[PDB]
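Coming up is one lone chain in structure tokens, specifically the form deposited in one PDB entry.
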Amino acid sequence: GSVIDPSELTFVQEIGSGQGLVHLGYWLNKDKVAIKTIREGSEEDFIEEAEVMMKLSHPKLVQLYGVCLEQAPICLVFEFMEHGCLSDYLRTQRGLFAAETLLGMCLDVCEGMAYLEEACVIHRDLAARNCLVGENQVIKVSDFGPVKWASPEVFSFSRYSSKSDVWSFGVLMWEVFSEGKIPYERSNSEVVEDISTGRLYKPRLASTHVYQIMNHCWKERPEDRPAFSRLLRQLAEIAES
């Protein structure tokens, strides 16, 4: 449920565009909220996506205050993340990050993805643009309810699983260590031939052990790729050593 009347919401500033629109605002003139308004060209699937997200609780997953369904265009009321999306945050603060901080960002995404893996929830579009930065550089996964991030099963047969998200996490790991760089920059049809031949280059900030995990995520077979539960302890071992 969690229905919010449009009078309870106050629109302050437009922060995002495309997709639909992201606005900075206030709910009941008290809480800083991120209002995600739908674009003209589905209303039912948009409301369904929020209901799934409201039933999944993890410190590394974005939380919703409620939904505004009364007036069209409809909108979802999210908790405001101070530092925006991960993809933009990495590019703006480029050259200021340490390898320890970048691995910590990857561990935050892996924590939320391990919870979704156990709950049998598949994130069909896992990328740095779909991750948010909050207080004290904490990373939260968003929109859990684009051939560059897609696995061979996805771009050829549309087979979605938790192991296909592992591939997307591998590309996400590349985006973090390269400090917000665009993967395969190169059309979607051209990227298919490069992946099928048998990958993304090793970023300067990423070590041999970090890049080894990225290739484990980039395995041709889904069964060869490690599970998010295994990846979490694997990434934690690198942080200690």
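Note that residue numbering begins at 1 and tracks the sequence as displayed. Rigid core here is just the name for the largest C-alpha set that superposes within 1.5 Å across the two forms.
Missing coordinates between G134 and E135 amount to none of the deposited residues, so the segment is unbroken. Set 99-107 against 67-75 and average the Cα temperature factors; 67-75 ends up higher.
Mean CA temperature factor is higher for 44-52 when stretches 31-39 and 44-52 are set side by side in the entry.
In the PDB entry, a CA B factor belonging to the lowest third of its chain's modelled residues is recorded for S57. When the modelled residues of the chain are ordered by C-alpha B-factor, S158 sits in the highest third. Sort the chain's modelled residues by C-alpha temperature factor and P222 lands in the highest third, per the entry. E179: CA B factor in the middle third of modelled residues in this chain (values from the PDB entry). In the PDB entry, a CA B factor belonging to the middle third of its chain's modelled residues is recorded for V141.
Below, we refer to the form deposited in another entry, which is not included among the displayed structures.
Large C-alpha shift between this form and the one not shown, rigid core held fixed: of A98, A119, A72, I122, this applies to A72 alone, with a displacement of 2 Å or more.
For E48, the Cα coordinates differ by 2 angstroms or more between this form and the one not shown after the core has been superposed.
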